[PDB]
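Undergrad: The structure's right below; bear with me while I get my questions together.
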Number of protein chains: 2
Amino acid sequence: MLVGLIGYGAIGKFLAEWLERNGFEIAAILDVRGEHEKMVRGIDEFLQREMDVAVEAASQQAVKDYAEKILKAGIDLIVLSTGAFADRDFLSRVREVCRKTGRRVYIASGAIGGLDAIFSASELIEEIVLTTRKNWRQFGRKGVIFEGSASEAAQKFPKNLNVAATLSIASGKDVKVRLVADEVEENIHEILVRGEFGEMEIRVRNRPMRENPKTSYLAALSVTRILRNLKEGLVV
Amino acid sequence: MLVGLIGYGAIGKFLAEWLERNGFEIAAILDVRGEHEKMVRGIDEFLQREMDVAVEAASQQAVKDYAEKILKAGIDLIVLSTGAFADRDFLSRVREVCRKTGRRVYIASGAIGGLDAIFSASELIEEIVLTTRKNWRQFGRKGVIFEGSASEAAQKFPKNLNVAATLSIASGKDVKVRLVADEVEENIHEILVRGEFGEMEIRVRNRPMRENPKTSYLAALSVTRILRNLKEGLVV
Ligand SMILES: NC(=O)c1ccc[n+]([C@@H]2O[C@H](COP(=O)([O-])OP(=O)(O)OC[C@H]3O[C@@H](n4cnc5c(N)ncnc54)[C@H](O)[C@@H]3O)[C@@H](O)[C@H]2O)c1
Ligand SMILES: NC(=O)c1ccc[n+]([C@@H]2O[C@H](COP(=O)([O-])OP(=O)(O)OC[C@H]3O[C@@H](n4cnc5c(N)ncnc54)[C@H](O)[C@@H]3O)[C@@H](O)[C@H]2O)c1
């Protein structure tokens with residue numbers, strides 16, 4: 001399988017090795033910084049290579065800048081910076097493109113688990129709340145950093161809070177979000193969901209990636225699930 | 001989109017109605033019992049009808065009897081009675097058929113969540129335990145009914161505990177299982193997972209389906225997630 005990588009940071013570096021290690025072939029790697037045998041600097045160079053799928057592990061802006069071009073080029077897209085879709089108009093436009101091109105956009109499960117159950121019961125969800133606890137240093141302050149809706153959070157926290165965006169897309173609800181800055185060495189996400197289906201609680205304590213403590217290692221791993229599902233018979 | 005349903009019980013009856021209220025078309029319904037306009041009694045009658053995917057919501061035996069034929073007919077299969085895959089040989093042959101035909105077998109998340117995160121971090125799982133609490137009546141008594149591996153659980157409880165089989169498939173580990181019979185009126189599943197990625201806890205308090213108290217409403221819904229994903233450009 002031919003895979004193109006957009007973003008060669010903490011997640012991209014990991015994925016590049018994972019691909020080479022798991023029999024995958026790297027078509028190209030797009031990034032403004034960094035070095036690699038398959039590295040390119042512009043989306044045009046990137047799209048000249050034939051590839052079965054492209055993985056976005058760069059930023060929300062990258063999704064907005066490249067998503068449509070990649071899909072129109074006949075390539076499916078795995079997205080990690082799902083926060084880009086917090087913009088309803090963009091999300092709709094992207095869904096429109098998929099419709100006409102027959103292309104697909106895969107939402108990586110990212111730094112949490114349980115998206116499967118949540119999407120399954122979306123029609124019957126009555127209440128869903130996300131509480132995130134991460135190291136205060138980035139916020140330069142400890143305590144409750146934000147408490148409100150995911151849409152509002154997206155406004156005051158661009159290029160971050162992708163989990164909230166993904167949960168909103170999966171549930172079809174404007175997820176309640178509470179962001180906490182604490183003296184924690186792990187990235188913690190806790191989700192509570194209630195509805196006609198019953199109740200479910202999900203708690204994830206993520207080990208941060210060395211190259212970027214802001215990103216949960218599980219988020220990089222979530223991409224490998226999708227890549228494996230594309231290649232194998234049994235899909236989970 | 002055309003969908004073939006195998007099994008017309010609690011889940012199948014729900015799905016037949018769901019399909020028609022959501023823009024899908026019923027290609028056929030296979031069950032040894034029951035009545036419906038598109039009902040058929042044999043797998044051969046079933047496979048003569050054009051369909052984009054087949055849903056198994058019948059029994060483990062149905063998966064073993066029909067799986068290979070369906071994939072061979074050029075039809076992908078969504079599986080709910082995942083316990084059939086406890087049969088390592090059958091699982092192997094199914095994987096073998098998928099390779100050649102290029103067909104897919106979708107493992108429904110069923111009555112639990114987190115398979116996404118579990119499969120994602122499958123290479124880094126050190127411990128995974130499932131704790132299930134069900135109504136005691138079917139057991140004839142209350143208390144801890146079983147403690148051991150998922151494989152031995154499958155032996156002591158044939159045609160049951162598919163959630164344990166699903167977890168084993170996703171994690172690649174023979175999950176530790178503990179079953180308790182209580183006065184509770186719904187199936188409560190708790191999953192503990194620990195590894196280099198960090199830790200994850202999932203708890204799901206389900207609601208039993210009226211047509212079959214032993215089945216969790218969420219399990220029926222878990223199939224709608226896969227159907228929607230198949231039909232949509234955006235895959236959650
Ligand atoms: N959905 C989730 O659960 C989840 C979890 C963690 C991280 N993420 C997302 O994935 C990305 C974080 O990844 P990381 O930890 O790899 O970040 P990183 O900062 O370590 O690396 C990002 C790389 O992308 C490059 N980049 C950014 N925009 C680009 C563009 N438009 N074109 C080319 N290259 C570009 C940067 O130069 C950098 O090298 C973040 O945007 C974050 O939004 C999502
Ligand atoms: N993966 C999960 O989380 C999960 C959860 C609940 C149920 N399940 C599975 O799904 C099925 C139970 O679903 P339900 O509640 O719909 O059961 P149900 O007993 O209400 O209905 C099952 C239907 O399947 C039919 N059937 C069984 N084997 C058949 C065969 N070989 N050919 C044709 N028809 C056949 C039956 O006659 C019945 O009408 C069970 O096998 C259970 O093993 C899985």
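Keep in mind that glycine also has a Cβ here, set from the backbone N, Cα and C atoms.
Below, the features straight out of Swiss-Prot:
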BINDING   A:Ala10, A:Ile11, A:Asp31, A:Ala58, A:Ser59, A:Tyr66, A:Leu80, A:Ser81, A:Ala111, A:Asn162, A:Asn212, A:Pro213, A:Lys214, A:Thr215  NAD(+) binding site
ACT_SITE  A:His189  active site
Undergrad: Between any two of A:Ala10, A:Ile11, A:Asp31, A:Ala58, A:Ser59, A:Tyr66, A:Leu80, A:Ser81, A:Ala111, A:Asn162, A:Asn212, A:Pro213, A:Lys214, A:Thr215, the residues recorded as binding NAD(+), what is the biggest Cα to Cα distance in Å?
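TA: Greatest Cα-Cα span of the listed binding residues: 26 Å.
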Undergrad: Do you see any of the binding-site residues A:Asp31, A:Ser59, A:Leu80, A:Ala111, A:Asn212, A:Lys214 whose C-alpha is within 10 Å of A:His189 (active site), and which ones?
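TA: Within 10 Å of A:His189 (active site): A:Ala111.
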Undergrad: Long-range neighbours only, meaning 6 or more apart in sequence with Cβ under 8 Å: which ones does A:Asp31 (NAD(+) binding site) have?
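TA: Expected: A:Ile6, A:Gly7, A:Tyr8, A:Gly9, A:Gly12, A:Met39, A:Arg41, A:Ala58.
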Undergrad: Among the binding-site residues listed here, A:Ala10, A:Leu80, A:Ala111, which has the most company in the form of other Cβ atoms within 10 Å of its Cβ?
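TA: Output for this query is A:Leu80.
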Undergrad: Would you identify the secondary structure of A:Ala10 (NAD(+) binding site) according to DSSP, in three states?
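TA: It is helical.
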Undergrad: So which one is it: of the recorded positions A:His189, A:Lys214, which has the fewest other Cβ atoms within 10 Å?
TA: A:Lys214
Undergrad: Comparing the binding-site residues A:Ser59, A:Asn212, which residue's C-beta has the most other C-beta atoms within 10 angstroms in this structure?
TA: A:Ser59
